[PDB]
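Enquirer: Have a look at this one before I ask anything.
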Amino acid sequence: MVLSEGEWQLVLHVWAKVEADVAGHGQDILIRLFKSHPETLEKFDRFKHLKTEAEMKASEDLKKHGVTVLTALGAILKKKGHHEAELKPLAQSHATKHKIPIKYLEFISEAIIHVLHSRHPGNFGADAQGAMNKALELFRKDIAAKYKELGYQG
Ligand code: HEM
Ligand SMILES: [Xe]
Ligand SMILES: [Xe]
Ligand SMILES: [Xe]
Ligand SMILES: [Xe]
């Protein structure tokens, strides 16, 4: 699939607002993911112990990881489809070391969309959400193709 420049503009415009507070958005997204789909938390031996939303919000370690996640995603989105080089090490670590199924990438995509919708209603109307969804679908499609080459695809 290919996004139009108009679609990338909608994605990068709302992303510019996300970058004003990377740590805060990273925290919101990861917490939303763990509350909505508790099973995903089991993949993080680093955070499995967190029992409540309050503990999650208080974790400095969780906030640091959210920044790492958003920084990696932001670098990919800014390539506007030319992300082959950036995707390789991510696909390798998530397929071979972390063992993250495609299903879980769908869950975090949903979490990202929910958070942007709540925090940026004026910059995340239907058209902007559709463009972000297309961008995340492209990301997942390419990661899935990589998983298959690496011998995981699941
Ligand atoms: C938007 C998608 C995601 C991005 C861009 C992303 C990015 C990253 C980055 C940059 C790292 C550190 C380097 C590495 O290990 O590759 C990482 C580590 C990791 N990721 Fe992801 N990730 C994503 C989704 C997920 C999901 C959905 C899960 C599981 C539910 C997951 C589980 C992990 C785990 C277990 C680690 C290691 C954490 C640690 O112990 O330090 N990731 N991820
Ligand atoms: Xe995140
Ligand atoms: Xe990933
Ligand atoms: Xe994603
Ligand atoms: Xe992408």
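Those letters in the sequence shown? Residues 0 to 153, per the authors' numbering, in order.
From the three backbone atoms N, C-alpha and C, an ideal C-beta is built for every residue, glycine too.
Whose C-alpha, out of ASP126, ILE112, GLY80, is nearest the C-alpha of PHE138?
Expert: Residue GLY80 is the option with its Cα nearest to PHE138.
Enquirer: Do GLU83 and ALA74 have their beta-carbon atoms positioned less than 8 angstroms apart in this structure?
Expert: No, the pair does not count as a contact, with Cβ atoms beyond the cut-off.
Enquirer: I need the residues with a C-beta less than 6 angstroms from some heavy atom of ligand 4; please give them in chain order.
Expert: Every residue passing the under-6 angstroms Cβ criterion appears here: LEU104, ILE107, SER108, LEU135, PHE138, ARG139.
Enquirer: Are the Cβ atoms of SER35 and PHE123 separated by less than 8 angstroms?
Expert: Contact: no.
Enquirer: Counting beta carbon pairs with one atom in the segment 50 to 64 and one in the segment 103 to 122, are three or more of them shorter than 8 angstroms?
Expert: The segment 103 to 122 is not in contact with the segment 50 to 64.
Enquirer: DSSP on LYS50, reduced to helix/strand/coil?
Expert: Reduced to three states, the DSSP call for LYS50 is coil.
Enquirer: Determine whether the beta carbon atoms of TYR151 and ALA110 lie at a separation below 8 angstroms.
Expert: Not in contact: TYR151 and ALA110 (Cβ atoms no closer than 8 angstroms).
Enquirer: Shorter than 7 angstroms, the distance from the beta carbon of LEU149 to the closest heavy atom of ligand 1, or not?
Expert: No.
Enquirer: In chain order, what residues of the same chain have a beta carbon less than 7 angstroms from the beta carbon of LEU32, not counting five sequence neighbours either side?
Expert: Around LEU32: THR39, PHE106, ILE107, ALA110.
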